[PDB]
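A.B. asks: Before anything else, here's the structure in question.
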Amino acid sequence: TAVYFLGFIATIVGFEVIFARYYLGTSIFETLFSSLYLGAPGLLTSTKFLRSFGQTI
Amino acid sequence: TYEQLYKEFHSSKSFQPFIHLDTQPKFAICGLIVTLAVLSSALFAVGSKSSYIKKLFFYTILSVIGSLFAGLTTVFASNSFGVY
Amino acid sequence: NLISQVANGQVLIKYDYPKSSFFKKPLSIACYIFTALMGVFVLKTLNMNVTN
Ligand SMILES: CCCCCCCCCCCCCC(=O)O[C@H](COC(=O)CCCCCCCCCC)COP(=O)(O)OCC[N+](C)(C)C
Ligand SMILES: CCCCCCCCCCCCCC(=O)O[C@H](COC(=O)CCCCCCCCCC)COP(=O)(O)OCC[N+](C)(C)C
Ligand SMILES: CCCCCCCCCCCCCC(=O)O[C@H](COC(=O)CCCCCCCCCC)COP(=O)(O)OCC[N+](C)(C)C
Ligand SMILES: CCCCCCCCCCCCCC(=O)O[C@H](COC(=O)CCCCCCCCCC)COP(=O)(O)OCC[N+](C)(C)C
């Protein structure tokens, strides 16, 4: 479960990069579609990491 | 060019439809019951059988039957409102 | 430039229409319904709990 943690950092950093790239010059629908395609696998992976690690939080 | 088509037009017979237009509002309500029964029993078996293979099996088969009756249901059910 | 009762005429089109494509309309609706049920099957049976 270190690869799941590796899949947990990358989605939060990924949800900051598309906000910065939104701040520079892009329109809305590219931000929103990129947020969907990044949005779903990070949901499944991050949920399974918080379930896996668990008791020491 | 015009004469071959024009003598080929009177040499033919008329057009017989597949199902007459005044019959279709019986098949509409006679389809809408069956597709609700089959599709309702399809989404009903998604509960906790805790057996993955037979649940995918039964759900796929009853979804196939429900789809192929919903198609004919909406085709006959659209010609009796006035949008062909 | 054509007038009411002196240029009425007909127009003739010849075409073909097989028995194959006569039955493709309810199979098109039926394939969209069938590919709509499987999303509810995959979306419904998938783990989203955060506790154990
Ligand atoms: C089903 C439809 C729902 C209807 C809801 C109401 C929709 C209308 C409200 C919009 C109000 C006007 C806002 C506005 O004028 O700006 C719009 C930006 O347009 C927007 O996206 C407004 C975003 C408002 C904040 C959203 C908060 C929700 C949190 C989402 C995670 C223009 O965006 P753009 O100019 O296209 O993007 C360029 C922006 N740069 C910073 C890159 C320059
Ligand atoms: C299980 C059944 C599946 C769903 C059934 C599908 C319903 C069929 C209606 C689809 C949408 C039609 C919308 C519509 O514009 O219809 C109106 C004429 O207006 C009408 O008569 C529409 C009345 C429809 C009543 C709907 C009842 C509620 C159905 C919700 C499930 C006709 O307008 P026009 O499009 O201008 O017709 C002439 C133009 N032609 C190109 C055809 C020459
Ligand atoms: C989710 C629940 C939503 C329910 C919403 C309830 C809305 C109630 C009001 C509906 C408005 C009526 C629509 C309507 O105008 O229908 C009438 C008369 O139509 C008929 O002849 C009845 C045919 C019914 C067929 C059954 C279809 C069931 C599937 C629908 C979901 C059209 O018939 P006519 O106006 O006579 O058009 C003549 C066309 N011929 C081909 C017959 C010549
Ligand atoms: C504004 C709304 C947008 C939300 C987008 C996510 C949508 C999730 C929808 C969840 C559907 C409900 C199912 C569910 O309960 O899952 C939640 C789910 O708990 C959560 O909320 C965590 C979801 C976020 C995952 C973390 C990754 C970060 C997401 C990207 C920003 C976890 O709660 P449970 O694990 O079920 O609680 C304990 C178990 N009981 C048996 C007691 C119920």
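The chains in the structure tokens are called A, B, ... from first to last as shown; in each chain the residues are counted from 1, and the ligands are counted from 1 in the order shown.
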Counting only C-alpha atoms and all ligand atoms, name the residues that have an atom within 9 Å of an atom of ligand 4; the answer should be given as a ChimeraX atom specification.
C.D. replies: /A:8,11-12,15,39-40,42-48,50-51 /C:47-52
A.B. asks: Could you save the residues just selected, with C-alpha atoms, as a CSV table (one decimal), in the first residue's frame?
C.D. replies:
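Generated file (out-v5.csv):
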```csv
chain,number,residue,atom,x,y,z
A,8,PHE,CA,-3.1,9.7,-3.1
A,11,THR,CA,-4.6,13.5,-7.2
A,12,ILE,CA,-4.4,16.4,-4.7
A,15,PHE,CA,-6.3,19.2,-8.2
A,39,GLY,CA,-11.7,13.3,-10.9
A,40,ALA,CA,-13.0,9.7,-11.0
A,42,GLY,CA,-8.5,9.6,-7.8
A,43,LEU,CA,-11.9,9.2,-6.1
A,44,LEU,CA,-11.7,5.4,-6.3
A,45,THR,CA,-8.0,5.2,-5.4
A,46,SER,CA,-8.0,7.7,-2.6
A,47,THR,CA,-11.1,6.1,-1.0
A,48,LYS,CA,-9.3,2.7,-1.1
A,50,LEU,CA,-8.1,5.8,3.4
A,51,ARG,CA,-9.8,2.5,3.9
C,47,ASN,CA,-16.9,0.0,-3.1
C,48,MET,CA,-17.0,3.6,-1.8
C,49,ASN,CA,-16.8,3.2,2.0
C,50,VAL,CA,-13.9,4.9,3.8
C,51,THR,CA,-14.2,2.9,7.0
C,52,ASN,CA,-13.3,-0.8,7.2
```
A.B. asks: Should the cut-off be 6 Å, what would the residue list for chain C against chain B look like, counting only C-alpha atoms, as a PyMOL selection string?
C.D. replies: chain C and resi 26+29-30+33-34
A.B. asks: So that I have them on file, write out the residues from the current selection with N, CA, C and O atoms, as a compact mmCIF listing (two decimals), in the first residue's frame.
C.D. replies:
```txt
# COMPACT_ATOMS: atom_id res chain seq x y z
N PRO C 26 -35.61 -0.09 -34.09
CA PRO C 26 -35.76 -0.57 -32.71
C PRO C 26 -34.51 -1.19 -32.13
O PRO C 26 -34.36 -1.23 -30.91
N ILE C 29 -32.60 1.99 -30.73
CA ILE C 29 -33.12 2.36 -29.41
C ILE C 29 -32.75 1.31 -28.36
O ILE C 29 -32.27 1.64 -27.26
N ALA C 30 -32.88 0.03 -28.71
CA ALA C 30 -32.58 -1.05 -27.78
C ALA C 30 -31.10 -1.12 -27.43
O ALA C 30 -30.76 -1.49 -26.30
N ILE C 33 -30.66 1.64 -24.73
CA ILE C 33 -31.17 1.25 -23.41
C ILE C 33 -30.25 0.20 -22.78
O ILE C 33 -29.92 0.29 -21.59
N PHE C 34 -29.78 -0.77 -23.58
CA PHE C 34 -28.90 -1.80 -23.04
C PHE C 34 -27.56 -1.23 -22.60
O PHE C 34 -27.02 -1.65 -21.58
```
A.B. asks: Ligand 3: which residues are within 10 Å, counting only C-alpha atoms and all ligand atoms? Reply as a compact mmCIF listing (two decimals) with N, CA, C and O atoms, in the first residue's frame.
C.D. replies:
```txt
# COMPACT_ATOMS: atom_id res chain seq x y z
N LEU B 21 -52.22 1.12 -39.29
CA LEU B 21 -51.97 2.22 -38.37
C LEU B 21 -52.97 2.26 -37.22
O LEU B 21 -52.66 2.84 -36.18
N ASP B 22 -54.13 1.64 -37.37
CA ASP B 22 -55.14 1.65 -36.32
C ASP B 22 -54.97 0.52 -35.31
O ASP B 22 -55.74 0.44 -34.36
N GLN B 24 -51.75 -0.29 -33.83
CA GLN B 24 -50.61 0.03 -32.97
C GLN B 24 -50.90 0.55 -31.55
O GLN B 24 -50.09 0.26 -30.66
N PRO B 25 -51.99 1.27 -31.26
CA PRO B 25 -52.28 1.57 -29.84
C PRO B 25 -52.73 0.38 -29.00
O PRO B 25 -52.98 0.57 -27.80
N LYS B 26 -52.87 -0.82 -29.56
CA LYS B 26 -53.03 -2.00 -28.71
C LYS B 26 -51.68 -2.59 -28.35
O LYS B 26 -51.46 -2.99 -27.20
N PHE B 27 -50.76 -2.65 -29.32
CA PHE B 27 -49.42 -3.13 -29.06
C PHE B 27 -48.62 -2.19 -28.18
O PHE B 27 -47.66 -2.63 -27.54
N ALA B 28 -48.99 -0.91 -28.14
CA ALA B 28 -48.30 0.03 -27.25
C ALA B 28 -48.52 -0.32 -25.79
O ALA B 28 -47.56 -0.55 -25.04
N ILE B 29 -49.78 -0.37 -25.35
CA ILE B 29 -50.07 -0.73 -23.97
C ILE B 29 -49.82 -2.21 -23.71
O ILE B 29 -49.62 -2.60 -22.56
N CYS B 30 -49.82 -3.04 -24.75
CA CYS B 30 -49.47 -4.44 -24.59
C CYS B 30 -47.96 -4.66 -24.56
O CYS B 30 -47.50 -5.77 -24.29
N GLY B 31 -47.17 -3.62 -24.83
CA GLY B 31 -45.74 -3.71 -24.67
C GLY B 31 -45.27 -3.06 -23.38
O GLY B 31 -44.33 -3.55 -22.73
N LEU B 32 -45.94 -1.97 -23.00
CA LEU B 32 -45.52 -1.17 -21.85
C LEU B 32 -45.67 -1.92 -20.53
O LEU B 32 -44.96 -1.60 -19.57
N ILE B 33 -46.56 -2.91 -20.46
CA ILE B 33 -46.68 -3.73 -19.25
C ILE B 33 -45.53 -4.72 -19.16
O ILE B 33 -44.89 -4.86 -18.11
N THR B 73 -41.63 -1.01 -28.03
CA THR B 73 -42.56 -0.21 -27.25
C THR B 73 -42.49 1.26 -27.64
O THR B 73 -43.53 1.90 -27.85
N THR B 74 -41.29 1.82 -27.78
CA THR B 74 -41.25 3.24 -28.10
C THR B 74 -41.51 3.51 -29.58
O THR B 74 -42.00 4.60 -29.91
N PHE B 76 -43.79 1.77 -31.59
CA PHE B 76 -45.24 1.79 -31.74
C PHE B 76 -45.88 2.88 -30.90
O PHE B 76 -46.94 3.41 -31.27
N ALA B 77 -45.27 3.24 -29.79
CA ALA B 77 -45.84 4.28 -28.94
C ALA B 77 -45.57 5.68 -29.45
O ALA B 77 -46.16 6.62 -28.92
N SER B 78 -44.70 5.84 -30.44
CA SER B 78 -44.50 7.17 -31.01
C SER B 78 -45.37 7.45 -32.23
O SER B 78 -45.63 8.62 -32.50
N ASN B 79 -45.82 6.43 -32.96
CA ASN B 79 -46.63 6.65 -34.15
C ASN B 79 -48.09 6.93 -33.85
O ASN B 79 -48.84 7.23 -34.78
N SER B 80 -48.53 6.83 -32.60
CA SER B 80 -49.92 7.06 -32.27
C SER B 80 -50.13 8.34 -31.48
O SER B 80 -51.21 8.55 -30.93
N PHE B 81 -49.11 9.20 -31.41
CA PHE B 81 -49.23 10.55 -30.88
C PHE B 81 -49.28 11.59 -31.98
O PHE B 81 -49.82 12.68 -31.77
N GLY B 82 -48.73 11.29 -33.14
CA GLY B 82 -48.64 12.27 -34.19
C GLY B 82 -47.25 12.76 -34.48
O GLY B 82 -47.10 13.88 -34.98
N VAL B 83 -46.22 11.98 -34.15
CA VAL B 83 -44.87 12.24 -34.61
C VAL B 83 -44.30 10.94 -35.18
O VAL B 83 -44.04 9.99 -34.44
N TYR B 84 -44.14 10.90 -36.49
CA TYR B 84 -43.88 9.65 -37.17
C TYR B 84 -42.39 9.39 -37.30
O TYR B 84 -41.90 8.32 -36.94
```
A.B. asks: Counting only C-alpha atoms, what is within 12 Å of residue 14 of chain A, bar same-chain residues fewer than 2 positions away, as a count of residues only?
C.D. replies: 21
A.B. asks: Around ligand 1, at most 7 Å away and counting only C-alpha atoms and all ligand atoms, which residues are there? Put them as a list in words, please.
C.D. replies: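 Those within range of ligand 1 are residues 22, 23, 24, 25, 26, 27 and 28 of chain A.
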A.B. asks: Would you save the residues of that selection, restricted to N, CA, C and O atoms, as an mmCIF file, in the first residue's frame?
C.D. replies:
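Result file is out_17.cif:
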```cif
data_model
loop_
_atom_site.group_PDB
_atom_site.id
_atom_site.type_symbol
_atom_site.label_atom_id
_atom_site.label_comp_id
_atom_site.auth_asym_id
_atom_site.auth_seq_id
_atom_site.Cartn_x
_atom_site.Cartn_y
_atom_site.Cartn_z
ATOM 1 N N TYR A 22 -6.033 26.980 -14.621
ATOM 2 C CA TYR A 22 -7.234 27.794 -14.792
ATOM 3 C C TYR A 22 -6.953 29.265 -14.548
ATOM 4 O O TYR A 22 -7.546 30.125 -15.200
ATOM 5 N N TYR A 23 -6.084 29.579 -13.589
ATOM 6 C CA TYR A 23 -5.811 30.978 -13.283
ATOM 7 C C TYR A 23 -5.023 31.663 -14.383
ATOM 8 O O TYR A 23 -5.151 32.879 -14.554
ATOM 9 N N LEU A 24 -4.223 30.921 -15.150
ATOM 10 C CA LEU A 24 -3.420 31.599 -16.163
ATOM 11 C C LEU A 24 -4.246 32.089 -17.346
ATOM 12 O O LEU A 24 -4.425 33.297 -17.502
ATOM 13 N N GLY A 25 -4.775 31.193 -18.173
ATOM 14 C CA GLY A 25 -5.579 31.686 -19.273
ATOM 15 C C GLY A 25 -6.687 30.826 -19.839
ATOM 16 O O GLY A 25 -7.310 31.229 -20.823
ATOM 17 N N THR A 26 -6.968 29.669 -19.261
ATOM 18 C CA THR A 26 -7.851 28.740 -19.950
ATOM 19 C C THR A 26 -9.307 29.029 -19.620
ATOM 20 O O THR A 26 -9.626 29.744 -18.673
ATOM 21 N N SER A 27 -10.194 28.467 -20.425
ATOM 22 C CA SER A 27 -11.620 28.693 -20.255
ATOM 23 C C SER A 27 -12.172 27.712 -19.227
ATOM 24 O O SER A 27 -11.425 27.081 -18.481
ATOM 25 N N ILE A 28 -13.492 27.587 -19.159
ATOM 26 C CA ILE A 28 -14.116 26.826 -18.082
ATOM 27 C C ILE A 28 -14.215 25.353 -18.422
ATOM 28 O O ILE A 28 -13.938 24.499 -17.579
#
```
A.B. asks: So the first atom is atom CA of residue 4 of chain A and the second is atom CA of residue 49 of chain A; what is the distance between them in Å, to one decimal place?
C.D. replies: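 Spanning atom CA of residue 4 of chain A to atom CA of residue 49 of chain A is a straight-line distance of 5.7 Å.
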A.B. asks: I'd like the interatomic distance between atom CA of residue 4 of chain B and atom CA of residue 11 of chain C, to a tenth of an Å.
C.D. replies: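 Computing it gives 13.3 Å between the two atoms.
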A.B. asks: With only C-alpha atoms and all ligand atoms as the basis for distance, which of B:44, B:36, B:49, B:57 is at the shortest distance from ligand 2?
C.D. replies: B:36
A.B. asks: DSSP on the backbone: which residues in chain C end up as alpha helix (DSSP H)? Give the answer as an NGL selection string.
C.D. replies: :C and (19-22 or 25-44)
A.B. asks: Would you mind exporting the chosen residues as an mmCIF file, in the first residue's frame, restricted to N, CA, C and O atoms?
C.D. replies:
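Saved file again_4.cif follows:
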```
data_model
loop_
_atom_site.group_PDB
_atom_site.id
_atom_site.type_symbol
_atom_site.label_atom_id
_atom_site.label_comp_id
_atom_site.auth_asym_id
_atom_site.auth_seq_id
_atom_site.Cartn_x
_atom_site.Cartn_y
_atom_site.Cartn_z
ATOM 1 N N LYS C 19 -34.672 -5.078 -46.509
ATOM 2 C CA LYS C 19 -35.291 -5.570 -45.285
ATOM 3 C C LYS C 19 -34.319 -5.538 -44.110
ATOM 4 O O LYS C 19 -34.747 -5.608 -42.954
ATOM 5 N N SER C 20 -33.021 -5.415 -44.385
ATOM 6 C CA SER C 20 -32.033 -5.278 -43.325
ATOM 7 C C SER C 20 -32.209 -3.968 -42.576
ATOM 8 O O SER C 20 -32.341 -3.959 -41.351
ATOM 9 N N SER C 21 -32.237 -2.850 -43.296
ATOM 10 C CA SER C 21 -32.311 -1.549 -42.648
ATOM 11 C C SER C 21 -33.720 -1.172 -42.230
ATOM 12 O O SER C 21 -33.897 -0.132 -41.594
ATOM 13 N N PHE C 22 -34.718 -1.980 -42.571
ATOM 14 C CA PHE C 22 -36.066 -1.740 -42.082
ATOM 15 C C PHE C 22 -36.175 -2.002 -40.589
ATOM 16 O O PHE C 22 -36.999 -1.382 -39.915
ATOM 17 N N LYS C 25 -34.119 0.498 -36.676
ATOM 18 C CA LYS C 25 -34.577 1.520 -35.736
ATOM 19 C C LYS C 25 -34.815 0.974 -34.322
ATOM 20 O O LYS C 25 -34.203 1.514 -33.374
ATOM 21 N N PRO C 26 -35.611 -0.095 -34.092
ATOM 22 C CA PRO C 26 -35.764 -0.568 -32.707
ATOM 23 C C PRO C 26 -34.506 -1.191 -32.134
ATOM 24 O O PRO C 26 -34.357 -1.230 -30.905
ATOM 25 N N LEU C 27 -33.596 -1.666 -32.970
ATOM 26 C CA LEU C 27 -32.324 -2.146 -32.467
ATOM 27 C C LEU C 27 -31.391 -1.001 -32.103
ATOM 28 O O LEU C 27 -30.506 -1.183 -31.260
ATOM 29 N N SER C 28 -31.586 0.181 -32.685
ATOM 30 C CA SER C 28 -30.803 1.337 -32.259
ATOM 31 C C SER C 28 -31.279 1.866 -30.909
ATOM 32 O O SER C 28 -30.458 2.151 -30.017
ATOM 33 N N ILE C 29 -32.603 1.994 -30.730
ATOM 34 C CA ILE C 29 -33.124 2.358 -29.405
ATOM 35 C C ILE C 29 -32.746 1.308 -28.360
ATOM 36 O O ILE C 29 -32.275 1.642 -27.260
ATOM 37 N N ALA C 30 -32.883 0.026 -28.714
ATOM 38 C CA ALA C 30 -32.580 -1.052 -27.780
ATOM 39 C C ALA C 30 -31.103 -1.116 -27.431
ATOM 40 O O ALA C 30 -30.759 -1.495 -26.304
ATOM 41 N N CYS C 31 -30.215 -0.727 -28.349
ATOM 42 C CA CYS C 31 -28.817 -0.721 -27.946
ATOM 43 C C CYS C 31 -28.506 0.461 -27.042
ATOM 44 O O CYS C 31 -27.626 0.343 -26.184
ATOM 45 N N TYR C 32 -29.218 1.593 -27.170
ATOM 46 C CA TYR C 32 -28.946 2.642 -26.181
ATOM 47 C C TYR C 32 -29.513 2.318 -24.803
ATOM 48 O O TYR C 32 -28.893 2.679 -23.794
ATOM 49 N N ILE C 33 -30.663 1.641 -24.726
ATOM 50 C CA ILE C 33 -31.166 1.245 -23.409
ATOM 51 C C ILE C 33 -30.250 0.200 -22.778
ATOM 52 O O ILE C 33 -29.916 0.289 -21.586
ATOM 53 N N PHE C 34 -29.785 -0.770 -23.576
ATOM 54 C CA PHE C 34 -28.899 -1.801 -23.044
ATOM 55 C C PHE C 34 -27.563 -1.226 -22.599
ATOM 56 O O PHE C 34 -27.016 -1.654 -21.581
ATOM 57 N N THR C 35 -27.029 -0.249 -23.321
ATOM 58 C CA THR C 35 -25.810 0.360 -22.809
ATOM 59 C C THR C 35 -26.081 1.402 -21.736
ATOM 60 O O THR C 35 -25.126 1.954 -21.184
ATOM 61 N N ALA C 36 -27.345 1.687 -21.425
ATOM 62 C CA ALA C 36 -27.656 2.534 -20.283
ATOM 63 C C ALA C 36 -27.844 1.754 -18.989
ATOM 64 O O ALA C 36 -27.614 2.311 -17.913
ATOM 65 N N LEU C 37 -28.265 0.485 -19.055
ATOM 66 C CA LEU C 37 -28.427 -0.290 -17.819
ATOM 67 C C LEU C 37 -27.090 -0.697 -17.199
ATOM 68 O O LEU C 37 -26.983 -0.798 -15.965
ATOM 69 N N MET C 38 -26.071 -0.945 -18.026
ATOM 70 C CA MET C 38 -24.795 -1.435 -17.513
ATOM 71 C C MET C 38 -24.062 -0.384 -16.693
ATOM 72 O O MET C 38 -23.279 -0.735 -15.805
ATOM 73 N N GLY C 39 -24.302 0.899 -16.964
ATOM 74 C CA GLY C 39 -23.740 1.933 -16.117
ATOM 75 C C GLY C 39 -24.329 1.934 -14.721
ATOM 76 O O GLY C 39 -23.630 2.233 -13.749
ATOM 77 N N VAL C 40 -25.609 1.589 -14.596
ATOM 78 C CA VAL C 40 -26.210 1.472 -13.275
ATOM 79 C C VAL C 40 -25.719 0.205 -12.586
ATOM 80 O O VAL C 40 -25.556 0.178 -11.358
ATOM 81 N N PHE C 41 -25.417 -0.842 -13.358
ATOM 82 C CA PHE C 41 -24.864 -2.051 -12.748
ATOM 83 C C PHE C 41 -23.453 -1.835 -12.218
ATOM 84 O O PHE C 41 -23.117 -2.316 -11.132
ATOM 85 N N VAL C 42 -22.605 -1.142 -12.976
ATOM 86 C CA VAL C 42 -21.236 -0.913 -12.521
ATOM 87 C C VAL C 42 -21.203 0.146 -11.425
ATOM 88 O O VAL C 42 -20.478 0.010 -10.433
ATOM 89 N N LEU C 43 -22.015 1.192 -11.568
ATOM 90 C CA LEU C 43 -22.086 2.244 -10.560
ATOM 91 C C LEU C 43 -22.675 1.743 -9.249
ATOM 92 O O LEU C 43 -22.337 2.265 -8.184
ATOM 93 N N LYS C 44 -23.537 0.731 -9.297
ATOM 94 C CA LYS C 44 -24.190 0.290 -8.071
ATOM 95 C C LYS C 44 -23.314 -0.669 -7.274
ATOM 96 O O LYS C 44 -23.305 -0.618 -6.040
#
```
A.B. asks: Quick one: distance from atom CA of residue 61 of chain B to atom 6 (C, counted along the ligand's line) of ligand 2 in Å, one decimal?
C.D. replies: 25.2 Å
